[PDB]
Amino acid sequence: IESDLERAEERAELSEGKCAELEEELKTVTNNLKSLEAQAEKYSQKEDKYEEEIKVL
Amino acid sequence: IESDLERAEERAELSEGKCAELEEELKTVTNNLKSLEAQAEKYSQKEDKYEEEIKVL
Amino acid sequence: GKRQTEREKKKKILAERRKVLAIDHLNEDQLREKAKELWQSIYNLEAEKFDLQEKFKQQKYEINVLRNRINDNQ
Amino acid sequence: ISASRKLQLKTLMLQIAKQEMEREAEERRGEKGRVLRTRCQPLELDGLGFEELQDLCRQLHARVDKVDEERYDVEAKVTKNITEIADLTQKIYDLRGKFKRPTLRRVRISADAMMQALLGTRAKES
Amino acid sequence: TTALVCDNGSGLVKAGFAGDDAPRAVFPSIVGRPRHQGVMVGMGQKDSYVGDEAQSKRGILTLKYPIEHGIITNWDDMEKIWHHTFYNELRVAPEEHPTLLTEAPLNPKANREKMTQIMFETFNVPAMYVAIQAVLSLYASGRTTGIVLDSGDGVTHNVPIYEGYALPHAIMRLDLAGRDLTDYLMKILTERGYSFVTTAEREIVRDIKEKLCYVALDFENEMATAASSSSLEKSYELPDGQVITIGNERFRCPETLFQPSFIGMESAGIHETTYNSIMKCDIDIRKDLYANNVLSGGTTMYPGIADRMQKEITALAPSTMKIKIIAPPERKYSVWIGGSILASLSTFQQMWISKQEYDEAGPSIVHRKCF
Amino acid sequence: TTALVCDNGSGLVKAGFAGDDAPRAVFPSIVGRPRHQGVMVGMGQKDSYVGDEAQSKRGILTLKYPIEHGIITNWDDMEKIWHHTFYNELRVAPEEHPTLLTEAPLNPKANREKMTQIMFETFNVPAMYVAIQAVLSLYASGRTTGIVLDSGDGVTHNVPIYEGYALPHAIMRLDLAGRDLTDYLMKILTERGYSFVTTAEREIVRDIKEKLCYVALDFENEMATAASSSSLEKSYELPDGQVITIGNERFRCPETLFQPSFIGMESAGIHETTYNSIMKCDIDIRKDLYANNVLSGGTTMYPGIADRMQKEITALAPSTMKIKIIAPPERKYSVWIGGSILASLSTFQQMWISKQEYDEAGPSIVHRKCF
Amino acid sequence: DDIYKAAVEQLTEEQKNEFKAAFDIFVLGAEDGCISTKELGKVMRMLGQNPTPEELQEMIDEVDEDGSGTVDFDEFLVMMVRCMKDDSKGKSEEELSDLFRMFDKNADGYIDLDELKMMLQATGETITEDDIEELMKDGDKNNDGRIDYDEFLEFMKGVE
Ligand SMILES: Nc1ncnc2c1ncn2[C@@H]1O[C@H](COP(=O)(O)OP(=O)(O)O)[C@@H](O)[C@H]1O
Ligand SMILES: Nc1ncnc2c1ncn2[C@@H]1O[C@H](COP(=O)(O)OP(=O)(O)O)[C@@H](O)[C@H]1O
Ligand SMILES: [Ca+2]
Ligand SMILES: [Ca+2]
Ligand SMILES: [Ca+2]
Ligand SMILES: [Mg+2]
Ligand SMILES: [Mg+2]
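Residues numbered from 1 in each chain as written, not as in the entry; some residues may be left out. Chains lettered and ligands numbered in written order. Part of a larger assembly, values for the part shown. Heavy atoms only, no water.

For this deposition, the record names cryo-EM as the technique by which the model was determined and cites 5.2 Å as its resolution.

Structure follows, in structure tokens:
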């Protein structure tokens, strides 16, 4: 039973490590998505401004 | 020892489930990020053309 | 000076492996004798070289075997 | 095959492996002798006057120096390999030694020796 | 055969065969002798654990980096690191492989000459070539112009390049980098009660810096917010328990990059040395350099730096120019990816310093045409 | 030839040839001169009965231990004990056998030097080596790390070890041990009417302590329970009849280990000196020491101590770390089993202090490289 | 010991009758018929010495296919040959290493299955596919199918 307990412990440790890595990856990619969405909104506004400038000039 | 082994194995199962869910989230967010990268590239091309026309005018 | 030691070691490799050659005082007959001795020396040297190459190959093979044993145990 | 039979099976496996190792060593020595003979070619001794012999001896000395330096290089390679294999075998010992201490017992006398010490000259088989 | 693209760096040695996407073996460059006495016999205790092995036994070692600021201060340890890298992390004898080391700009000559002498005498490589760490990072981006800010762990240097013609008079090398940020973080953590002193605990502070710190978009507003609310305090679990809570130390550690007066350095931040490096260039290539600013190196991985730097440069630069900051996700290994690309080129195949050339001119060959 | 693994100890001398599982001869270390006059002529009465012989004639002797607290206070008696051990309990002349004594940490130098001088001059051994009593107990567990609490009968010491490198600045030696528990039990038995005074009756009190006392999991609850019910009162038959009944003296005697204020000692219990010994270690090896806490020595054989100690340390330690207490069933002879293992090693075979070395440097050789 | 186990497995009259005579003599206290733990200990003690019982228990339970405290036939001979160490673990580490390195025909430090079976065909001894699977499982300490030098030495223990 002691050997069985050791095996269970090591499996749990590996699973937790993978979980932590996945958490970090998701955090990074979600931050990237947020930044890109803000940039896209600003870009739409800039595009409208540029079209207005084209018309007036 | 037997009780501790049972608890450890249950913990490992829970961690594996969490890892699977994290994998799903990561893949979904990755796809969304790629789509928005393409959108931003289109934004960039539009801005380039508008800038050129502004210069000409 | 460890670097000084290395440089003097390679200089001694280039110098001591060079021997003092004396064949111009050895007359035509003794010149033939010296040529035979030099050929024997160079042939023995090449035999030693080949044996060292083969032993190095086998030692590298045993190194690979022991490292693979370590990897299987680790 | 029984336990003793499979022990003899693996023993014959070791025997065939020893045959292969011996033939490998023999062919290795023969082919290396062949290669050296292709390298170590005896030259003609008679018919040459003094000057040609002197030039040939100079060339032989240059080749001796070159091959001696090469032999030094290969000897250094061999020494490095010896050091590395020694370290690897020591790590092998560390991985599966040290804590492999057997139960050294001075009261478990050999079955024949124990029977003799407890009975005189009775035990003679083992 | 294939070339070995090694990259000494300072803090992480990255190596691998030419032509791949990522380095094969990445491990810290530390060599730590044991410091206690040792009572168990036959335990097989070595005299120096190098590489990633000494990051697991660091509890009883005294880790010491062999590369201080780009330059190499302890040649025996560096030789040991190279020997480990070749034989145990890649398992390829160097007698059959060209090598491509990397070196920071404006480094002492003796360092480079000793490096080539070691590679040719001890390891006995067929041919080695030394390249500037910024040109490779420009290769990896697939550009051919642009000004690259390669903020490593040892030294931050800023090499501008146009159309493939490097501008040697506009290289601005600054010695603030990740290590000084680690020391400053370790110094400001003492304001809450946590004292890290041992050279082993510097690694723990480095992990804290990597996982928690971020660069603030606006410094004063963040300082005001962290002093009123408590939405920033993130906790972290030490290697033994006793979780710690980092408050406004989070964005104060990497702020040193933009205000080197925090650690007493006189010079201007990485936001202003880039603008100065641009302004030293000619008047007709400033637009292209403005539009193709490249980030590289490990220390430029802080969350939120690609926006702070753009805001700062836009403040400094003329209002008409467009400021764009290229921050690829593979920033850390950008130099090594560029090194692999350069070593895989056919046009580059005749630039190696062949061994016979070294035998004829000595170690001073590196400063000659074969740069 | 084979080595003699002697282990002086304080209270029980354990000896035997190297390479076995258990010591060959285990007997109390007491030397008792007769005290009465003696009228029978020719009875063959000796002048001093040592070892296990004086535990049978103890009715007319005055037993006195030659080892007080690890240190040796009466060298003639200790020499007599060693002579008995070699010649009558093992029957092997010392002229043909190496010896491996054991010594507590932080003991006076003069004790060790006198020990080696005796072994080399009087008994004239070929070579002897002195080892710290805790490293052996760590050998016997088959570990290579861990912090071992070796609560003998003379002195309790707590040596932490990591990866084979002992930490000399973290050894916490405390002088409370089995003998003080015997004296305290003999002192609290007087609260029911039983008075033991003679040095012979100390042995009877020791037997009571061994057979009846146990360590309570929670002290206050046990004190409350023993004061209401009567389910704890266990009786015991003296060497002459007149059974006695021990009430709450059962768990109050060994409780002194965790509260040394009972016998007036200032220091903290064995539950808190282990935690202090851990906290003096480096921050990166505390998890391993937490997980590999080892118990040894005779006094750690009380029924229920491996749970009380774990509960106490878990209360003190951070909540995340796992606390595990290794308590092998062969606790009493753990030091000697480890000594046998160490003496049986091939790597250790050249560490003995050879006699010619002693002849060249004198008894002060033991402090030198041959430790 | 290497010859002792094999000979005594199919022993002739002489030493088997020696064992039977010893059993018949043992009736001075031990009469179980089949040697149990306590009767074995009593017999060993009445011989005139008191060995550590650990050796006896490892003789009587470890190597057995039952390990119930009784004595079987082949394991009695295992005990007899375990008093000394004459079966030399299946040759010596040097010879074994040479045969393994030549066995490692692809020179990768491990024995693959295909070249292993080809060499087994080259052996030419009596073939038992069940024994072949037994050796395969003996070479699975790390359960890779391959036999490295560790497990190679492990199942070569006593190969004479
Ligand atoms: N994800 C990260 N976040 C913040 N800082 C990091 C991160 N990864 C690495 N660093 C810092 O960068 C350093 C590694 O830089 P690196 O690019 O490896 O230097 P080099 O140029 O010598 O290879 C580390 O010391 C660390 O302080
Ligand atoms: N079974 C037991 N239960 C409780 N205490 C014991 C037991 N056996 C021994 N002791 C105590 O331990 C002491 C023996 O300790 P020991 O380990 O022999 O000391 P040393 O380290 O000097 O050999 C005895 O004096 C006794 O008080
Ligand atoms: Ca059985
Ligand atoms: Ca193979
Ligand atoms: Ca296998
Ligand atoms: Mg770099
Ligand atoms: Mg003791």
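Peer 1: Any chance you could explain the overall build of chain E here in plain terms?
Peer 2: Looking only at helices and strands, one finds 12 helices and 16 strands in chain E. The C-alpha radius of gyration of chain E comes to 22 Å, within 12% of the 21 Å expected for a compact globule of 371 residues. Seen through its principal axes, chain E has C-alpha atoms that stretch 70 × 70 × 35 Å. Buried residues in chain E amount to 53% of all 371 residues. Counting only contacts in chain E whose residues sit at least 6 apart along the sequence, the fraction spanning at least 24 positions is 68%. Carbon and sulfur atoms provide 49% of the accessible area of chain E, an area that totals close to 15800 Å². (Helix = DSSP H or I, 4+ residues; strand = E, 2+ residues; numbered from the N terminus. Rg over C-alpha atoms; globule rule 2.2 N^0.38 Å. Buried < 20%, exposed > 50% of the residue type's maximum accessible area, 1.4 Å probe, protein only. Contact = heavy atoms within 4.5 Å. Areas by Shrake-Rupley, 256 points an atom, 1.4 Å probe, with all protein chains shown as cover.)

Peer 1: Explain the coordination of the calcium ion (ligand 3) here, please?
Peer 2: Note on the calcium ion (ligand 3): its protein donors are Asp66 of chain G (OD), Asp66 of chain G (OD), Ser68 of chain G (N), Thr70 of chain G (N) and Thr70 of chain G (O). The metal-donor distances range over 2.8 to 3.2 Å. Residue classification places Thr70 of chain G among the partly exposed positions, given a relative accessible area of 23%. (Donors = N, O, S within 2.8 Å, 3.2 Å for Na, K, Ca; no water.)

Peer 1: Any chance you could explain the interface of chain C and chain D here in plain terms?
Peer 2: Interfaces are frequently sized by the accessible area removed from exposure as the parts join. Contacts between the two partners involve 43 residues from chain C, matched on the other side by 44 residues from chain D. The junction of chain C with chain D conceals about 4300 Å² of combined surface from both sides, 71% of it contributed by carbon and sulfur atoms. On the chain C side of the contact with chain D, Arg17, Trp39 and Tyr43 of chain C bury the most area, a combined 16% of that side's loss. Counting every contact that joins chain C to chain D gives 7 salt bridges. The tally of links from chain C across to chain D stands at 12 residue pairs in polar contact. Counting residues per element, the ones that place at least two in the side of chain C that touches chain D are α1 (2-16) and α2 (28-73) of chain C. Among the elements that take part in the side of chain C that touches chain D, α2 of chain C stands out by supplying 32 residues, more than any other. (Buried area = accessible area lost by both parts, 1.4 Å probe. Salt bridge = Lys/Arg side-chain N within 4 Å of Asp/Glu carboxyl O. Polar contact = N/O pair within 3.5 Å; in protein donor to acceptor, adjacent residues only side chain to side chain.)

Peer 1: Looking at this structure, I do not really get the pattern of salt bridges. What am I missing?
Peer 2: Side chains that differ in sign of charge can pair as their charged atoms come close. Residue and element names in this part refer to chain E. Evaluated as defined, the whole model comprises 71 salt bridges over all chains. In this structure, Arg202 engages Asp183 in a salt bridge whose closest nitrogen and oxygen atoms are separated by 3.5 Å. Of this pair, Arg202 sits in helix α5 (residues 201-212) while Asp183 sits in helix α4 (residues 178-188), and the two are 19 residues apart along the sequence. Taking relative accessible area as the criterion, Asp183 reaches 35% and is therefore assigned partly exposed.

Peer 1: It is not clear to me how the nonpolar core should be interpreted in this structure. Could you clarify?
Peer 2: Generally speaking, a soluble globular protein has its nonpolar side chains buried in company with each other. One finds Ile60 of chain E together with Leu185, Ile208, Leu257 and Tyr290 of chain F to be the most contacted residues of the largest nonpolar core, which totals 51 residues. With 5 residues, helix α4 (residues 178-188) of chain F is the single largest residue contributor to this core. For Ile60 of chain E, the residues in contact, after removing those within four places along its chain, are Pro34, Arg35 and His36 of chain E together with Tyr162, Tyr165, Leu167, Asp282 and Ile285 of chain F. By size, the runner-up hydrophobic cluster in this structure holds 43 residues, among which are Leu212, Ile244, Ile305 and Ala317 of chain E. (Core = buried A, V, L, I, M, F, W, Y, C linked by side-chain atoms within 4.5 Å.)

Peer 1: I tried to follow the site of ligand 1 on my own but got confused; where do I start?
Peer 2: All names here are of chain E. Every one of the 15 residues lining ligand 1 counts as a neighbour, but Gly9, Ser10, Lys14, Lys209 and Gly298 are closest to it. A distance of 2.9 Å is found between an oxygen atom of ligand 1 and a backbone nitrogen or oxygen belonging to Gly298. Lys332 places a polar side-chain atom, nitrogen or oxygen, 3.2 Å from a nitrogen atom of ligand 1. Considering ligand 1 on its own, with 580 Å² of exposed area, one finds that the protein chains cover 91% of that surface. At 3 residues, α5 tops the list of elements feeding residues into the shell around ligand 1. Here the residues of the shell around ligand 1 sort into 3 nonpolar, 6 polar and 6 charged. (Near = heavy atom within 4 Å. Nonpolar A, V, L, I, M, F, W, Y, C, P; charged D, E, K, R; others polar.)

Peer 1: Just checking my understanding: could you explain the packing of helix α3 (residues 133-140) of chain F against helix α11 (residues 334-343) of chain F for this structure?
Peer 2: Geometrically, a packed helix pair is captured by the angle between its two axes and the distance between the axes. Residue and element names in this part refer to chain F. One way to put it is that α3 packs onto α11 with a least axis distance of 7 Å and a crossing angle of 80°. When the axes of α3 and α11 are compared, the pair comes out roughly perpendicular. Contacts between α3 and α11 involve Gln133, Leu136, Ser137, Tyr139 and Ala140 from the former and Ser334, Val335, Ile337, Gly338, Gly339, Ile341 and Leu342 from the latter. (Axes fitted to C-alpha atoms, helices over the stretch in contact; angles between N-to-C directions. Parallel < 35°, antiparallel > 145°, perpendicular 65-115°, else oblique.)

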